[PDB]
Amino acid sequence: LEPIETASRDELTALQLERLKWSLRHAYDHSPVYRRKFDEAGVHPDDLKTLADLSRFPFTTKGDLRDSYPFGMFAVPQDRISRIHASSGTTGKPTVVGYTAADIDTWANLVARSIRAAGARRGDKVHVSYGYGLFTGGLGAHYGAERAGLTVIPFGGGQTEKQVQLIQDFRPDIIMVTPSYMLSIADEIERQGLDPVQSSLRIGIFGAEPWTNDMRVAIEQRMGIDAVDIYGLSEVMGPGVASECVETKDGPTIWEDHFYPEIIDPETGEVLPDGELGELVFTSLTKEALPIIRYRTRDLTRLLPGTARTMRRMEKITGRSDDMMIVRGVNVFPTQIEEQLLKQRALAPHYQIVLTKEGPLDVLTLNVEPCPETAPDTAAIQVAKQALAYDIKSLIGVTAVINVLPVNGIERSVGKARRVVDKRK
């Protein structure tokens, strides 16, 4: 481990304060957007005397980045930008980010830290299935595994049959991949009559989208691995903003020596005490090219005390604020549905939620599949469909039309699964 990972909280705090002061000054001096934002908010970098003072400073939102496209957020000259990446476009036009060579180095060290936290060992191979390209996931995973001194197998997305061929042949110890795509790889392993538990894989590091504890336990049992959660977003850096320690599996530990977290009430912008659910906000402490100050992530979670590290954790992401569905008056996230689906051993872990209107009433249709083994077993499927409907009603408050499709009926994820098709318009 790095010394900082077990430093005292006093030591960490002091380090954060020094770096936050630097970052605020760097943004104000070198990022025209932040000179304007700070002036129009009536604050100066000098106003930060303690970490609690961060709440004086304005927020940065997606809109700020969209307005400055492509390169208006940068705080260094274009000749110092070593790398361009973009967000994935999930909510709209991708936003563009940049990195100096030092920022690439920092990112590589943080992803390496996250891979260590997952339980990596000298001699491990890493099979990277996160997409390579303008997306931050693939190249971020790549550089971090390479920095960790491991054997990098840079496969990227797609070609499921080939990925399974190479998992057999190359015997990777670690896979870095979305949890939804992991399911497709697991299916393919089983489709070929192989036993996925006996795969060489020891560790899965899954991120890029929400996945429940229930999902983790299912995947762990099916693949014979430890699975840990890695979090990031492109505005802040990419994967490796936070990652779970495999010895606790209690939500990603935030690398807050580099990215300082807050939680706010999304409606008011007020800061909440640790433990309360709301919107996750980050400020970069060491970023050169694109310092980012109080970025409202639109990801919903809560901050929790350090366990396996000095650094605090986040709870597993509940969802994006954009993920929230309002169904006949009840607010529901896809993860809530997923938790109930994963109780049914007779059903696959694949799903899609389709929202419609029938007259004036909302209708939520949950499309599921049997496991391939259970498909012919009508009695098992029938119990599953009824128990799932009863769990969603009793625990979530929504009446879900459960619709069991043939095996392979649901379009498989290519990366970030689309959990929801809202046809209500």
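Note that residue numbering begins at 1 and tracks the sequence as displayed.
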Exercise for review: Look over 196 to 204 and 165 to 173 in the entry and identify the one with the greater average Cα temperature factor.
Suggested key: 196 to 204
Revision key, fill the gap. Quick note on 260 to 268 and 146 to 154: per-entry mean CA temperature factor is higher in 260 to 268
Revision key, fill the gap. Comparing C-alpha B-factors across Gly72, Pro252, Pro305, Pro239 in this entry, the winner is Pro305
Study note, to complete from the structure: Binned into thirds over the chain's modelled residues, the C-alpha B-factor of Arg313 lands in the middle
Practice item. Using the B-factor values recorded in the entry, state whether the Cα atom of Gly92 falls in the lowest, middle or highest third among the modelled residues of its chain. Key: middle
Practice item. Looking at the entry's B-factor column for C-alpha atoms only, identify whether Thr178 ranks in the lowest, middle or highest third of its chain. Key: lowest
Review point. Looking at the C-alpha B-factor of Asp39, is it in the lowest, middle or highest third of its chain?
Key: lowest
**Study point:** Chain-wide C-alpha B factor ranking for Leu24, given as lowest, middle or highest third
**Key:** middle
